[PDB]
Every structure is written in C-alpha cells, then in structure tokens.
Amino acid sequence: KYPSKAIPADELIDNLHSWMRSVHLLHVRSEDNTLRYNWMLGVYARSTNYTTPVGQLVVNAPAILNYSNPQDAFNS
Amino acid sequence: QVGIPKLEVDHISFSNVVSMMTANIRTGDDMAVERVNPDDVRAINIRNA
Amino acid sequence: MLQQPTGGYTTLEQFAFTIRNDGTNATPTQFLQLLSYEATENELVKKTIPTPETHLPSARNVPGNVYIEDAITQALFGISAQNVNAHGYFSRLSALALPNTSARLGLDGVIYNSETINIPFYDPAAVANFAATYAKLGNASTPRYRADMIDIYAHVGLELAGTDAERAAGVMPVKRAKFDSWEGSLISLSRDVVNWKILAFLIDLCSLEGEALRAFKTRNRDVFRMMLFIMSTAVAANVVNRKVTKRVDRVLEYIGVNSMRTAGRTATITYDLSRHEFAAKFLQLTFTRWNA
Amino acid sequence: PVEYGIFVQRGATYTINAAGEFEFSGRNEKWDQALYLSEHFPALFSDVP
Amino acid sequence: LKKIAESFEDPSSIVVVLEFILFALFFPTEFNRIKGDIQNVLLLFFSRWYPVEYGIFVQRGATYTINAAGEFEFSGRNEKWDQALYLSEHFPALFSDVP
Amino acid sequence: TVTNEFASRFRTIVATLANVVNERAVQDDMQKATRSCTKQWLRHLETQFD
Ligand SMILES: Nc1nc2c(ncn2[C@@H]2O[C@H](COP(=O)(O)OP(=O)(O)OP(=O)(O)O)[C@@H](O)[C@H]2O)c(=O)[nH]1
C-alpha cells in the first residue's frame, strides 16, 4: 500500500495492534512456579491451525506445552 | 591346524559338504496377510513422521 | 566340561587362531608383520570409552540351542550377514550370566539350555564372567544403549596401527594401511577369521585375572588386532590396490576412521547399519575389558 | 474478516463460571446441538463487548 | 488376541475399550492370557485420549519384571509386547496396578 | 435379594467411561455428536448388563 514511502506510524501501530489482538495461544495457566510455556510448539501449532500431529496433541491437551525441565517439553 | 580351503588351491575335490534346506524351510512361496484400511481418510496424518 | 588351564582356553592347541597365508597356516602376528603404514595429515585422539550399561538384556524363553558364536563372528566379519539386530538372539548369552544355571556354552559355540551328553563345554563360572559383559551385545540395537560408532574406531586404530610410543601417548596420525597381497586377500582373511573360535578368546579375556591375565593380553594381542583389522577394513572408505613392479600391494584407507559406508564392494566385507551398531557395541565391551 | 479474527480469537463458545464471569474457549470450533445441554454457549450471543 | 486395527480418533472408539473390559469380566482367565496384546491397543488409546499421562506412564516403563521380595522393576523403555513375552519374566505394565 | 454385585460393578464401569467420553476434547461437530450418543449407548448397555 506504500510502495515508495515509509508506512506512517499511525497505520503501522493500528494494524500491528489489531493483528496482535487477533492472536491467541492455547495454554493452561498453572500455580507451580517451575513451569515454562513451550512457545515454539505453541505458536507453531497455531500457525498450522492445529492440523499437524503436534497441533492436534496441543489443541487437545494444551497443558502439554508447560514444562519444568526444558528437554522434557519435547520428550513429552 | 585348520584345513586348507578348497578354492585356495588347484586340485579338484569330488566329495564336498553342501548345505541344503529341508522341507520345513520353503522360500519364494506367496504368503497371506490381513490388510486393514484406515477408518477415515481425514484421520490419517502425513507429517511430521 | 573343559577345565580352563592356568592360562586361558587359548593356551590349548585346540583353539589356535591362524589365518591362511602364502600356502601355510600363518599365526595372525606374522601377518601383522606384513602390514605397513602411510601416515596422513589427520590425527586420531582417543577419548575415554563410556562405561557399558549395567543392564543385561532378558534372554527370552527360547526352547532351542542358539548358535551364538556363529552369530557373533558373522555380525563381525560375515561376507553376507545383515539385520543382525532383528532376531536378537545375542541376548541369549544372558542365560549363562546367572549363578548355577543349567545352560552351557559349548565349544561348538552353542548355548544349550541343559547340560547334555558328549558335548564338551566351558567351565560355567568363567562363562558366567564372559556372559556378565557380552550379554550386553543384546542391547546393541536398543536406542538407550547403542555405542558410538565413530569415536571407538580411534581406539581400534591405536591398537592396530599404533607404535608403542603413539600408543602410550594416546594420539597417532591417521594411517593408510598396506601389505603385499594376493587376489581376494581381504575376503580370504575375513573368512579365515569367521572360522575362529573367538569365544575362547572372549571367555579368557573375561575370566582370567592378575598376572595370568596380563600374559594373555600380550600373547593374544595380535589376535585381537587381526579381528580389529577385519573390522577396520569393513569401515575403510576405500581399499585400492597398487601395481609395483609385478607385485601388488593392497592399501586400505583409512585405519581408525569409520566412514559409515554401507554399500557393498568386492574388496571387503560390508556393514549394514545394524552391523555398525553391533560392532560398535562389541568394541565398547571388548576394549572396556581390554584396558584395566 | 478482521473483526472476525479478533472475535474468534477470544473463542467460538463460552461457559459461565460459578462466580458468574464468562470464560471463552479461545478455540474456533463449529457448534453442535449436542452442546445445547452442555455448559457451553454460542459466543456470538454473549453480548460481551 | 485377534488383532484390532483401531486408531481411536472418534469417541465411538471407546467401544473397543469396553469390549476389552467386558472380556476382562466375563473371561478373566483368557484375558489374562491375551492382556499384553490388548495393552498394545490400549496404548494407542491412552496416547490419543490422555497424552500427558501416557507420556509419564510410558516414561516409567511399558513393562515390568517382579523379583525376589516381590517388588516390580519397570523397564523404563516403551516397546511393543509380543506374545513371545508371555512365557518370559516380563509383564505388561498397564496391569501392575501400581499408582 | 435385589442388588447384584456384578451388575453394580458394571454400573461404576460405565459411569467411569461416561466420564471419560465426557472429558474427551473434540473439534469436529460430528465427533461432538457421537460423544453424547456414546454416552447414551453406554447408559443403555448398563441396563442390558443388569
Ligand atoms: N519456529 C520457531 N523457530 C524457532 C523458535 N525458537 C528458535 N527457533 C529457531 O531455531 C533455530 C536454532 O535455534 P537457536 O540455537 O536457539 O538459535 P540460532 O541457531 O543461533 O539462530 P537464531 O538465534 O535465530 O539467529 C533458529 O534458526 C531459530 O529460527 C521458535 O520459537 N519458533
């Protein structure tokens, strides 16, 4: 829409803002302080719209994305 | 002492052990199976393997 | 039963290891004399070998008498063996690992489930020692337990190509082995090794202890090296011959470097992937015993 | 399409909590009448801004 | 066991599980003979319906072997269970009833 | 005189299973349907067994 000149900050901010509002990552919030959320597999599953087996596994059991030990996040 | 291999030397030997299969073996026979097609085509997954 | 001598079972003339060469039954050492080495720019540096797993795979209920020796020797030097992990009868060695088991490892290299008439067999204690390590060959395939198939070969190089100085140093140049040679020499060597009664060497390597063990390690070093030579030819990237004044010198390059190659070739016996994991596990165990 | 994306990111359905707050699924799923007797409600009709 | 090819996608697939349960009730003895081969279908069930719990369960071990003193020792290793194992020391781990 | 320990056992079994099918996440609408139908068919098997 702006082939030759910079995108005005107004339009860039409003568009990035509304697109940002559109995104939502499947997750189950928890109390234990040791958990981390597997951002890679979360956003990846979201991008394929939860069709690949990792996407299915995630849309069915979002709690799988939480991990204490970093490696076990994937082993699970 | 181990014996000399027969192919190692130039003499002809006319009595030799040959391994062979008894009736219990059989090979090259067609074998039967039970194929079981997937219950739904939409439930199959291709990636990520 | 065969009583084990003050030395190993290898002291007996019944278990002599001798590759055929120049129309006679050469001892492996006087074949190793024929070997010569072209050093290259690369260095082999031996890392410490990881300790073999405590786990001994289950010897599943097999009614029959497994021919363990033939299997090990063909997974190691066989001209046609493949999918050595598929049957998984190496685990059967574990049946001998128990105290007071009724199983016997016969000189034939069979594992009988029961002591049986007119079949001579090794002393069950020593065999329990040998099984106590080599039953672990049964988990050469399982993902948790596979050996490195790359690093261990540096050790092979040192124990084969190494000079006493390079050996004590623990680091040698990668070498290109060679020997004046006859037609089909590597196949003939390997078939002459597949015939070896290696369980004698293995049982003595596991059972003997103290000075009596140490004399074994020197006396049978060349045997070990011959097996090592067949393996190293199995993984060598290429095995060229050189013409030189109406004499041909076989040259394998390189000793001590696993190329992982699995495609067949007329020159030498070939490892499928399964035989790579097998030989690598076998080496882990055998060297772990060899250095102590 | 833009407002729809923003809407359905909140969720295709919701359920009332025991505290009476709404809790949207966050998932975009087609509704079925099997859900009519369920805890679930169509999210279009929540009237939540 | 006459092998079932169920993949357990639809909820209706619970039928197969129930068919095992009834079989475990009407015929505990025969069930006890085929239980590992039914465990192989139950694993495809648990991995699809309870992936987290399945991960933990399998991570403990797919099978075990009772010893002297009667304690169980799980393999720590997921693997398919052949009937060739029925004559062995090994047991399917689903039926250990160990919490 | 009236209760059957066996049939009551099966009752807790189908109750457990009904909770299982109920807790099952599904995405397709038809799967959502067969969920509730599975629940009804269980509740009918219970009476067969009784
Ligand atoms: N799709 C996706 N890729 C990721 C994510 N995190 C890391 N990666 C990718 O993983 C690759 C290797 O990860 P790292 O070792 O952490 O980082 P790197 O190799 O130095 O690469 P960069 O940090 O991206 O420059 C990188 O190329 C990243 O693009 C993620 O959350 N999602």
# chains A, B, ... in the order shown; residues from 1 in each chain; ligands from 1
$ residues_around --residues "residue 8 (chain E)" --least-positions-apart "3" --cutoff "10 Å" --atoms "only C-alpha atoms" --output "PyMOL selection string"
(chain B and resi 39+43) or (chain E and resi 5+11-17+41-42+44-49)
$ residues_near_ligand --ligand "ligand 1" --cutoff "12 Å" --atoms "only C-alpha atoms and all ligand atoms" --output "short mmCIF file (atom, residue, chain, number, x, y, z; two decimals) with N, CA, C and O atoms, in the first residue's frame"
data_model
loop_
_atom_site.label_atom_id
_atom_site.label_comp_id
_atom_site.auth_asym_id
_atom_site.auth_seq_id
_atom_site.Cartn_x
_atom_site.Cartn_y
_atom_site.Cartn_z
N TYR A 37 6.31 -22.11 29.38
CA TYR A 37 5.38 -22.49 28.32
C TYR A 37 6.15 -22.66 27.02
O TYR A 37 6.94 -21.80 26.64
N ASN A 38 5.93 -23.77 26.33
CA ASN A 38 6.75 -24.08 25.16
C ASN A 38 6.31 -23.27 23.97
O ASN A 38 5.53 -23.72 23.13
N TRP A 39 6.85 -22.06 23.90
CA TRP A 39 6.39 -21.05 22.97
C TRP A 39 6.53 -21.52 21.53
O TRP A 39 5.67 -21.23 20.69
N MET A 40 7.60 -22.27 21.26
CA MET A 40 7.88 -22.76 19.91
C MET A 40 6.75 -23.63 19.38
O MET A 40 6.21 -23.37 18.30
N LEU A 41 6.41 -24.66 20.14
CA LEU A 41 5.37 -25.61 19.75
C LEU A 41 3.98 -25.00 19.80
O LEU A 41 3.08 -25.42 19.07
N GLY A 42 3.81 -24.00 20.66
CA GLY A 42 2.54 -23.33 20.79
C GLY A 42 2.25 -22.53 19.54
O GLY A 42 1.25 -22.78 18.85
N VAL A 43 3.13 -21.58 19.24
CA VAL A 43 2.92 -20.75 18.06
C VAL A 43 3.00 -21.57 16.77
O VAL A 43 2.34 -21.24 15.78
N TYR A 44 3.78 -22.65 16.79
CA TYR A 44 3.89 -23.47 15.60
C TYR A 44 2.58 -24.18 15.35
O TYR A 44 2.10 -24.22 14.23
N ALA A 45 2.00 -24.72 16.41
CA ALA A 45 0.72 -25.41 16.29
C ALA A 45 -0.35 -24.43 15.84
O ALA A 45 -1.24 -24.78 15.07
N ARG A 46 -0.24 -23.19 16.31
CA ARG A 46 -1.21 -22.18 15.93
C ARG A 46 -1.11 -21.83 14.45
O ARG A 46 -2.12 -21.60 13.79
N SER A 47 0.12 -21.79 13.95
CA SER A 47 0.35 -21.39 12.56
C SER A 47 -0.21 -22.39 11.56
O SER A 47 -0.67 -22.01 10.48
N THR A 48 -0.18 -23.67 11.92
CA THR A 48 -0.70 -24.72 11.05
C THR A 48 -2.17 -24.91 11.34
O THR A 48 -2.81 -25.80 10.80
#
$ closest_atom_pairs --of "chain C" --to "chain B" --cutoff "9 Å" --atoms "only C-alpha atoms" --output "CSV"
residue,atom,partner,partner_atom,distance
C:13,CA,B:1,CA,8.4
C:14,CA,B:1,CA,8.5
C:16,CA,B:1,CA,7.6
C:17,CA,B:2,CA,8.8
C:18,CA,B:2,CA,7.6
C:19,CA,B:2,CA,8.9
C:20,CA,B:4,CA,7.8
C:23,CA,B:8,CA,8.6
C:24,CA,B:4,CA,8.4
C:25,CA,B:1,CA,7.3
C:188,CA,B:8,CA,8.9
$ write_last_selection --atoms "N, CA and C atoms" --output "PDB file, in the first residue's frame"
ATOM      1  N   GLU C  13      45.947 -76.128  22.114  1.00  0.00           N
ATOM      2  CA  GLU C  13      46.196 -76.185  20.677  1.00  0.00           C
ATOM      3  C   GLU C  13      44.877 -76.327  19.929  1.00  0.00           C
ATOM      4  N   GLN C  14      43.846 -76.720  20.664  1.00  0.00           N
ATOM      5  CA  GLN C  14      42.511 -76.886  20.118  1.00  0.00           C
ATOM      6  C   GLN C  14      41.918 -75.557  19.642  1.00  0.00           C
ATOM      7  N   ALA C  16      43.756 -72.715  18.565  1.00  0.00           N
ATOM      8  CA  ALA C  16      44.733 -71.867  17.886  1.00  0.00           C
ATOM      9  C   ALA C  16      44.061 -71.000  16.820  1.00  0.00           C
ATOM     10  N   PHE C  17      44.452 -69.726  16.755  1.00  0.00           N
ATOM     11  CA  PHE C  17      43.923 -68.788  15.761  1.00  0.00           C
ATOM     12  C   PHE C  17      44.963 -68.552  14.691  1.00  0.00           C
ATOM     13  N   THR C  18      44.658 -68.929  13.452  1.00  0.00           N
ATOM     14  CA  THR C  18      45.660 -68.903  12.384  1.00  0.00           C
ATOM     15  C   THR C  18      45.067 -68.622  11.011  1.00  0.00           C
ATOM     16  N   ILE C  19      45.259 -67.407  10.513  1.00  0.00           N
ATOM     17  CA  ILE C  19      44.850 -67.084   9.148  1.00  0.00           C
ATOM     18  C   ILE C  19      45.724 -67.751   8.084  1.00  0.00           C
ATOM     19  N   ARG C  20      45.093 -68.187   7.002  1.00  0.00           N
ATOM     20  CA  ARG C  20      45.818 -68.791   5.894  1.00  0.00           C
ATOM     21  C   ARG C  20      46.624 -67.731   5.148  1.00  0.00           C
ATOM     22  N   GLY C  23      50.346 -70.170   1.420  1.00  0.00           N
ATOM     23  CA  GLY C  23      50.308 -71.616   1.330  1.00  0.00           C
ATOM     24  C   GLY C  23      50.501 -72.322   2.658  1.00  0.00           C
ATOM     25  N   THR C  24      50.387 -71.583   3.757  1.00  0.00           N
ATOM     26  CA  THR C  24      50.582 -72.153   5.090  1.00  0.00           C
ATOM     27  C   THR C  24      49.610 -71.530   6.076  1.00  0.00           C
ATOM     28  N   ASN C  25      49.511 -72.112   7.265  1.00  0.00           N
ATOM     29  CA  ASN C  25      48.641 -71.554   8.296  1.00  0.00           C
ATOM     30  C   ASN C  25      49.344 -70.542   9.196  1.00  0.00           C
ATOM     31  N   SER C 188      39.430 -63.491   1.969  1.00  0.00           N
ATOM     32  CA  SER C 188      40.029 -64.708   2.480  1.00  0.00           C
ATOM     33  C   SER C 188      40.414 -64.540   3.949  1.00  0.00           C
TER      34      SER C 188
END
$ interface_residues --of "chain C" --to "chain E" --cutoff "12 Å" --atoms "only C-alpha atoms" --output "VMD selection string"
chain C and resid 55 to 63 142 to 145
$ write_last_selection --atoms "N, CA, C and O atoms" --output "mmCIF file, in the first residue's frame"
data_model
loop_
_atom_site.group_PDB
_atom_site.id
_atom_site.type_symbol
_atom_site.label_atom_id
_atom_site.label_comp_id
_atom_site.auth_asym_id
_atom_site.auth_seq_id
_atom_site.Cartn_x
_atom_site.Cartn_y
_atom_site.Cartn_z
ATOM 1 N N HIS C 55 22.694 -52.837 32.630
ATOM 2 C CA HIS C 55 21.596 -53.701 32.199
ATOM 3 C C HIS C 55 22.028 -54.891 31.322
ATOM 4 O O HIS C 55 22.779 -54.729 30.362
ATOM 5 N N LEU C 56 21.521 -56.080 31.650
ATOM 6 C CA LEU C 56 21.733 -57.288 30.850
ATOM 7 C C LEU C 56 20.406 -57.695 30.260
ATOM 8 O O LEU C 56 19.471 -57.996 31.002
ATOM 9 N N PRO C 57 20.312 -57.714 28.925
ATOM 10 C CA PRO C 57 19.010 -57.905 28.280
ATOM 11 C C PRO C 57 18.425 -59.264 28.622
ATOM 12 O O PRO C 57 19.178 -60.217 28.814
ATOM 13 N N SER C 58 17.103 -59.343 28.720
ATOM 14 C CA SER C 58 16.452 -60.601 29.039
ATOM 15 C C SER C 58 16.724 -61.638 27.953
ATOM 16 O O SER C 58 16.613 -61.344 26.761
ATOM 17 N N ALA C 59 17.081 -62.852 28.368
ATOM 18 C CA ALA C 59 17.169 -63.974 27.438
ATOM 19 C C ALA C 59 15.791 -64.597 27.386
ATOM 20 O O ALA C 59 15.444 -65.424 28.221
ATOM 21 N N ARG C 60 15.005 -64.187 26.405
ATOM 22 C CA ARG C 60 13.602 -64.562 26.341
ATOM 23 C C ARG C 60 13.498 -66.058 26.141
ATOM 24 O O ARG C 60 14.417 -66.684 25.611
ATOM 25 N N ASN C 61 12.393 -66.628 26.600
ATOM 26 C CA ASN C 61 12.173 -68.067 26.524
ATOM 27 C C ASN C 61 12.383 -68.627 25.116
ATOM 28 O O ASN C 61 11.461 -68.646 24.303
ATOM 29 N N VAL C 62 13.607 -69.069 24.834
ATOM 30 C CA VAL C 62 13.901 -69.793 23.598
ATOM 31 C C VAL C 62 14.160 -71.259 23.927
ATOM 32 O O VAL C 62 15.104 -71.573 24.647
ATOM 33 N N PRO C 63 13.279 -72.152 23.446
ATOM 34 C CA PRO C 63 13.362 -73.604 23.628
ATOM 35 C C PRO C 63 14.645 -74.226 23.076
ATOM 36 O O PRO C 63 15.146 -75.205 23.625
ATOM 37 N N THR C 142 19.080 -51.343 20.978
ATOM 38 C CA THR C 142 18.098 -50.535 21.698
ATOM 39 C C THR C 142 18.601 -49.113 21.843
ATOM 40 O O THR C 142 19.771 -48.903 22.169
ATOM 41 N N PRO C 143 17.714 -48.135 21.603
ATOM 42 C CA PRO C 143 18.114 -46.735 21.424
ATOM 43 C C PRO C 143 18.855 -46.174 22.623
ATOM 44 O O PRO C 143 19.760 -45.364 22.454
ATOM 45 N N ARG C 144 18.494 -46.634 23.815
ATOM 46 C CA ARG C 144 19.100 -46.145 25.044
ATOM 47 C C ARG C 144 20.560 -46.569 25.202
ATOM 48 O O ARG C 144 21.311 -45.965 25.968
ATOM 49 N N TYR C 145 20.959 -47.611 24.481
ATOM 50 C CA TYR C 145 22.216 -48.291 24.779
ATOM 51 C C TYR C 145 23.236 -48.418 23.646
ATOM 52 O O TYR C 145 24.301 -48.989 23.856
#
$ closest_residue --among "F:47, F:42, F:28, F:34" --to "chain A" --atoms "only C-alpha atoms"
F:28
$ residues_around --residues "residue 63 (chain A)" --least-positions-apart "6" --cutoff "9 Å" --atoms "only C-alpha atoms" --output "PyMOL selection string"
(chain A and resi 26-30+37) or (chain E and resi 52)
$ closest_atom_pairs --of "chain A" --to "chain F" --cutoff "9 Å" --atoms "only C-alpha atoms" --output "tab-separated table"
residue	atom	partner	partner_atom	distance
A:59	CA	F:25	CA	8.5
A:60	CA	F:25	CA	5.7
A:61	CA	F:25	CA	8.2
$ write_last_selection --atoms "N, CA and C atoms" --output "PDB file, in the first residue's frame"
ATOM      1  N   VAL A  59      -3.900 -28.895  20.753  1.00  0.00           N
ATOM      2  CA  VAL A  59      -5.274 -28.414  20.860  1.00  0.00           C
ATOM      3  C   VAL A  59      -6.101 -29.307  21.784  1.00  0.00           C
ATOM      4  N   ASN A  60      -5.718 -30.576  21.891  1.00  0.00           N
ATOM      5  CA  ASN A  60      -6.426 -31.491  22.780  1.00  0.00           C
ATOM      6  C   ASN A  60      -5.943 -31.379  24.215  1.00  0.00           C
ATOM      7  N   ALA A  61      -4.631 -31.255  24.378  1.00  0.00           N
ATOM      8  CA  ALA A  61      -4.025 -31.194  25.702  1.00  0.00           C
ATOM      9  C   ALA A  61      -3.009 -30.057  25.821  1.00  0.00           C
TER      10      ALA A  61
END
$ interface_residues --of "chain B" --to "chain A" --cutoff "10 Å" --atoms "only C-alpha atoms" --output "list in words"
residues 44, 45, 46, 47, 48 and 49 of chain B
$ decode --residues "region 16-47 of chain A" --atoms "C-alpha atoms" --output "PDB file, in the first residue's frame"
ATOM      1  CA  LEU A  16       0.005  -4.313  14.202  1.00  0.00           C
ATOM      2  CA  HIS A  17      -2.279  -3.684  17.184  1.00  0.00           C
ATOM      3  CA  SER A  18      -5.390  -5.264  15.705  1.00  0.00           C
ATOM      4  CA  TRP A  19      -3.421  -8.193  14.302  1.00  0.00           C
ATOM      5  CA  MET A  20      -1.833  -8.645  17.708  1.00  0.00           C
ATOM      6  CA  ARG A  21      -5.340  -8.680  19.216  1.00  0.00           C
ATOM      7  CA  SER A  22      -6.254 -11.471  16.815  1.00  0.00           C
ATOM      8  CA  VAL A  23      -3.545 -13.927  18.016  1.00  0.00           C
ATOM      9  CA  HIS A  24      -4.163 -16.293  20.933  1.00  0.00           C
ATOM     10  CA  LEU A  25      -2.009 -19.212  22.039  1.00  0.00           C
ATOM     11  CA  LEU A  26      -3.515 -22.341  23.582  1.00  0.00           C
ATOM     12  CA  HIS A  27      -2.313 -22.789  27.131  1.00  0.00           C
ATOM     13  CA  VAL A  28      -3.317 -23.857  30.611  1.00  0.00           C
ATOM     14  CA  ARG A  29      -2.248 -21.481  33.362  1.00  0.00           C
ATOM     15  CA  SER A  30      -0.857 -23.165  36.482  1.00  0.00           C
ATOM     16  CA  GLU A  31       0.239 -22.417  40.053  1.00  0.00           C
ATOM     17  CA  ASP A  32       3.658 -24.134  40.179  1.00  0.00           C
ATOM     18  CA  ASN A  33       6.492 -21.661  39.739  1.00  0.00           C
ATOM     19  CA  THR A  34       8.760 -24.132  37.962  1.00  0.00           C
ATOM     20  CA  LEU A  35       6.774 -24.182  34.695  1.00  0.00           C
ATOM     21  CA  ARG A  36       7.624 -22.535  31.389  1.00  0.00           C
ATOM     22  CA  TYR A  37       5.385 -22.487  28.324  1.00  0.00           C
ATOM     23  CA  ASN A  38       6.753 -24.085  25.157  1.00  0.00           C
ATOM     24  CA  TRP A  39       6.389 -21.049  22.967  1.00  0.00           C
ATOM     25  CA  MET A  40       7.876 -22.759  19.915  1.00  0.00           C
ATOM     26  CA  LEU A  41       5.374 -25.608  19.752  1.00  0.00           C
ATOM     27  CA  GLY A  42       2.538 -23.328  20.793  1.00  0.00           C
ATOM     28  CA  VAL A  43       2.917 -20.752  18.055  1.00  0.00           C
ATOM     29  CA  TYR A  44       3.891 -23.471  15.603  1.00  0.00           C
ATOM     30  CA  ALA A  45       0.718 -25.408  16.292  1.00  0.00           C
ATOM     31  CA  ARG A  46      -1.207 -22.177  15.929  1.00  0.00           C
ATOM     32  CA  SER A  47       0.351 -21.393  12.564  1.00  0.00           C
TER      33      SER A  47
END
